[PDB]
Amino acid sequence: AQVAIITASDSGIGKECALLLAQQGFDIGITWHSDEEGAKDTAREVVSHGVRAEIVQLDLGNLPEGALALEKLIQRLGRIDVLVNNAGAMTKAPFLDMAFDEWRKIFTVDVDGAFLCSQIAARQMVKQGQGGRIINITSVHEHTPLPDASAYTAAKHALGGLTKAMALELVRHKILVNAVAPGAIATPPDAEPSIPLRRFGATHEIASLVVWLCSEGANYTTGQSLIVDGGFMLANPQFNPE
């Protein structure tokens, strides 16, 4: 089979990517930071689709050595064709008060892990000589700021820039690199008038685009940030309800 690895997987977007790719016949790897039972839970659901599931701890508290877990996971699965760098929870902190270690921790978890995992995956894809795909889950805040989450905004921008740089630098290896940039996604209702579509997105509505990016139809798409946001990016003071 092709092999897809979802890094920093969670019960939301990351789990939904794992399951939809398992249903497409990919063997799946999962990395986890602290939530081993959630990773084991997803792995059991993946195995129910008749593909392989392998998990490993990738400790974002112990970079860069901690990232060598992905090498071991690739060795166990035999190859890698797809890396999906899933986004962790949003950490907020007021700009004026934010401790330097909190600024650094948000970059460590939200960019540095994706950097190290992307480099390991890309080195394996070059070794195989069969191309590959790297898909970074970012946010609308790759593009437009939060008013109370400056580190989170800056790190999403950083992962956007890394996405473009990897796309250009790795294109020669036929490694396609893109971001999927979610808006406000419900992780299980009243209308949400602040969003043009007037609801939160579903995890499936992000994972579906990841699946398309893993299809042969996506073979001309690289260097892009594909925004799935219910119109969040269209909102401005002439729309925003008072």
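One rule holds for the numbers: they count along the sequence shown, beginning at 1.
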| query | finding |
| --- | --- |
| Count class of coordinate-free deposited residues lying between the neighbours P188 and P189 | 10 or more |
| Which of 193-201 and 26-34 has higher mean CA B factor, as the PDB entry lists it | 26-34 |
| Of 178-186 and 43-51, the one with larger mean CA B-factor | 43-51 |
| Top residue by Cα temperature factor, when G161, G129, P145, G113 are compared in the entry | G129 |
| Criterion, highest CA B-factor; candidates, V84, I106, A121, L77 | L77 |
| For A93, the third of its chain into which the C-alpha B factor falls | highest |
| Among modelled residues of the same chain, the CA temperature factor third for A4 | lowest |
| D229 CA temperature factor, ranked by third within the chain | lowest |
| Chain-relative CA temperature factor third for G223 | lowest |
| B-factor third for the C-alpha atom of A165 within its chain | lowest |
